[PDB]
Amino acid sequence: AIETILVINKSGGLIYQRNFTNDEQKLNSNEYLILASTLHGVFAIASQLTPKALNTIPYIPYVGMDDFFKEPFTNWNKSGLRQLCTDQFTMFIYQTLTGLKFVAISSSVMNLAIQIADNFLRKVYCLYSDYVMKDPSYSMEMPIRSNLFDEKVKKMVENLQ
Amino acid sequence: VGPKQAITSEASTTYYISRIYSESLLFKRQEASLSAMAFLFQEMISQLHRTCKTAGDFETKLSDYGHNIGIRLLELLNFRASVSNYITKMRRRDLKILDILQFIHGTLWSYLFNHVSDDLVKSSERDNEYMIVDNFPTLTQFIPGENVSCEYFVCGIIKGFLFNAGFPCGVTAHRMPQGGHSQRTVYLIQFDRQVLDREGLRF
Amino acid sequence: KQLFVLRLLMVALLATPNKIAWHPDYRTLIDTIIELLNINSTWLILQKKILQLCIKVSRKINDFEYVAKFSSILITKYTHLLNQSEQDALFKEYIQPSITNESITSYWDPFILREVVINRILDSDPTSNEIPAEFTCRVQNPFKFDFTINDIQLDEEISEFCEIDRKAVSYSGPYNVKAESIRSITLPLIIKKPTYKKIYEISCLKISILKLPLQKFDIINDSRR
Amino acid sequence: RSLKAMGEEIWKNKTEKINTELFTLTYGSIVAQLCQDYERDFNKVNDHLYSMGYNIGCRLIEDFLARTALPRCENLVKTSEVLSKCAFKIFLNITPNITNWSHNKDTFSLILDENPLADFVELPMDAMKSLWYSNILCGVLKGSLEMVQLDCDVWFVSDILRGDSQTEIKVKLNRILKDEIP
Amino acid sequence: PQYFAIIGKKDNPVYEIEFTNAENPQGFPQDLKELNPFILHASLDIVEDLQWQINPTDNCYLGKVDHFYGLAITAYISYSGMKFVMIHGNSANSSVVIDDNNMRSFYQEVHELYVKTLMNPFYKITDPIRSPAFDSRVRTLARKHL
């Protein structure tokens, strides 16, 4: 259901883009960076609406057949954008405590629907922090040029659908 | 017993048990995580790409660490495998090349990485060259190994397992995907002619 | 074992009270004693003993360039392990016959002068440079002290005088230096002269120790220009 | 408790474990080559191995928070001592102990009972005075807690192999704002 | 009157020491300099062409090996590179006594003192050992087996 994944660094810039299974393109690189800068600008102001004028945990369904940690975990994203839905796609956001934002955009629709696309996105943040965090070519906050990263998340797109 | 001084000392007619620091040396088990040692190796390779010029000098300036601790792991790995210390015996030393590259194959990898490298192939065309392939190398599995300069920790660590053994040896690594096992690395080692000719006296 | 039995051959030649003038195989015998080692092995006290035996053969058979050669190589390549005992006080008497011969040159140590200062002495009130780390020397007397490291005495410094620069050259030095210490020096006494004023640097100067005049002994661990 | 028990639980997961002898030998070889190369400048190897520690202090905490999905550490002392007491044992299987506070528990110490970085090192007689053997931990803890925005100031004050009987690290916590948008 | 040596790969003595029985109260006066490296240098020669063959199952220990015209020598070869040599014997008698098993429980017993000093990562190869403690340990480890 998911067809493109981005990751964002904490200083408001794109890190990685892969248009996985859409296979007709019109977007080159810096327009995706325009999306990355604008979602960082949106996620700036998207807490202080405070419309209330005043414990929530995610869960465990075992996405991606083992998994890494079989427990209903916490999440740091208590105030801000989580997901969007339009008539042609839907999009997802997961932040870390450190500051990396973890985009996933899905063309079809896939409560529980945020929670499955949260449970996917803890796995790739584990997979980010084992396969390009431990890499001496990777200087900090740069793009990802590990091909070893890229098929190991390309395998997990077909381990989703 | 200094280099400047002689071998001079005193008589045996006393008993000086004033000792400080000597302990056990046995096979302890503490088993740290691969992320921690991977980060140690990670910032080490970061320092070596910082301080060094080009390919080959960086390859030597990686393999020198293996030459530092290869002697050290050789002698008590042999002192544990072929032998406090209420010692029965110490068994046979290196007879030839084919027991000592069995000794990397037998109990060096299973000392380090809890398994065995899958082959110890004697080469076809020559005999000075030998080749060991690890199938899925443990300490460099995260590095995208298109440059094969990052696995010269272990070429340095086996060269210092054979330089004490009296076989000076050109040790290289290549990587070749011969199977569905991907990113398996071949350590095609060589020797010199002379201990090959010391083998070539009689075999 | 061949070096062991040839060492016994050489101690047989020391203990023999018969008399010998030199036979042209002792060339090759002492050459092969030296080249069963690799010396031009890191067992240094063996080198001390086997060079002491070679020096005693070359005394008893009187090949004076070889007692020159091998005792100069003994003094240069060793003697951190030679204090005033183990016959270094009863040595250097063994090489004043080298230096009263024409045998050795150059004074083997290239570390003699520890530093250089040309510090002044004020005489008059306002006879100074009143309008102009360089020196621009004022008519006075210098002092440049040195060290020895070889703990023998009698290294008589003579004719300490400067290099190929101007008439600023030292006068005389008729006294010796000490056995061990970094000895202060007495009166170099430059006889400086007003010339043209462009900058002319020294590094060191020639020294002779009862011997031939050397070149500039470059100062330690630095230029110290 | 919860955290104390899930430390021994989350020791058992996917990425395999290897024996500490290799890790100790690698660290000893790095510090021996750096002690040889800088001509016994033991002050300079302290800050070089400190920056060596801090440059994986920047990158340890992402693997820590990924492999251990853990919430925000709101208490700045008691949660900190119990998380570091489990959080060495997730990486290098050791359980340090914590005493020697301030009045407000600010400059607290962390006594390590037994060190796997030097099981068997007898550091030499010239290197008594201006060296600590294991300041890479002072690198990696200051990095690993600066990336959760806690401006620590670690330093060694005593170890085993400088002569003393306890291995501990004192730490002054300054304060720093602008975490994220939560 | 006993003389220990550990002699390295490029002929360097990494540890060499004498001691004496007080029943002798001195050691080999005027013979202490020919029974040094030259005899031991030839002992390096005979263990050089005695180690690499199988046959003149205990490949390390070798026992008594040779004999100059005043005494006789013993040996040991480790796979660390090092070749341990003890030189024993009262100078009056030709000392025959090779215990051969209890001083086999010295060479594998002094081996770990070399091991733990080799495991000092500041300690290099091809440099001698001024341990103030490991040399005081071995004479008391030779107080076990005189």
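Chains: A, B, C, D and E, in written order; residue numbering restarts at 1 for each.
Just so it is clear, a contact is a pair of C-beta atoms (placed from the backbone, for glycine too) under 8 Å apart; a residue touches a chain by one contact, two chains touch by 3 or more.
Engineer: Using the contact definition given at the top, which chains are in touch with both chain B and chain C?
Structural biologist: Touching chain B and chain C alike, sorted by label: E.
Engineer: Does A-D or B-D have more contacting C-beta pairs?
Structural biologist: If we tally the contacting C-beta pairs, B-D comes out ahead.
Engineer: Going by average Cα coordinates, which chain is farthest removed from chain A?
Structural biologist: C
Engineer: Starting from the mean Cα coordinates of chain D and chain E, work out the distance between those two points in Å.
Structural biologist: A distance of 44 Å separates the two centres.
Engineer: CA centre of chain C versus CA centre of chain E: separation in Å?
Structural biologist: 40
Engineer: Between chain A and chain E, tell me the centre distance in angstrom, where each centre is the average of that chain's C-alpha atoms.
Structural biologist: So the centroids are 68 Å from each other.
Engineer: Starting from the mean Cα coordinates of chain C and chain D, work out the distance between those two points in Å.
Structural biologist: Chain centroid spacing, chain C to chain D, equals 55 Å.
Engineer: Mark out which residues of chain A touch at least two other chains, giving numbers and ranges.
Structural biologist: Touching at least two other chains: 130, 134.
Engineer: At which residue positions does chain C touch at least two other chains?
Structural biologist: Within chain C, residues 45 contact more than one other chain.
Engineer: So which stretches of chain E touch two or more other chains?
Structural biologist: If we look for residues of chain E contacting two or more partner chains, we find 13, 36, 116, 119, 121.
Engineer: Per the touch rule above, enumerate the chain pairs that touch, sorted by label.
Structural biologist: A-B, A-D, B-C, B-D, B-E, C-E, D-E
Engineer: Give the list of chain E residues in touch with chain B in this complex.
Structural biologist: 2-3, 5, 13, 15-22, 25, 36, 51-52, 54, 57-61, 77-81, 108-109, 111-113, 115-116, 118-119, 121, 125, 128-130, 133, 135-137, 139-140, 142-143, 146
Engineer: Inside the complex, what are the residues of chain D that reach chain A?
Structural biologist: Its residues touching chain A are 10, 13-15, 58-59, 61-63, 65-67, 69-72, 147-148, 179-182.
Engineer: Where on chain C does chain E make contact in their complex?
Structural biologist: 1, 3-4, 7, 41-43, 45-46, 49
Engineer: Contact residues on chain E for chain C in the complex?
Structural biologist: So the residues of chain E touching chain C come out as 8, 10-13, 33, 36-39, 41-42, 45-46, 126.
Engineer: Looking at the complex, which residues from chain B come into contact with chain A?
Structural biologist: Those in contact with chain A are residues 35, 38-39, 42, 45-46, 49, 142-144, 146, 150.
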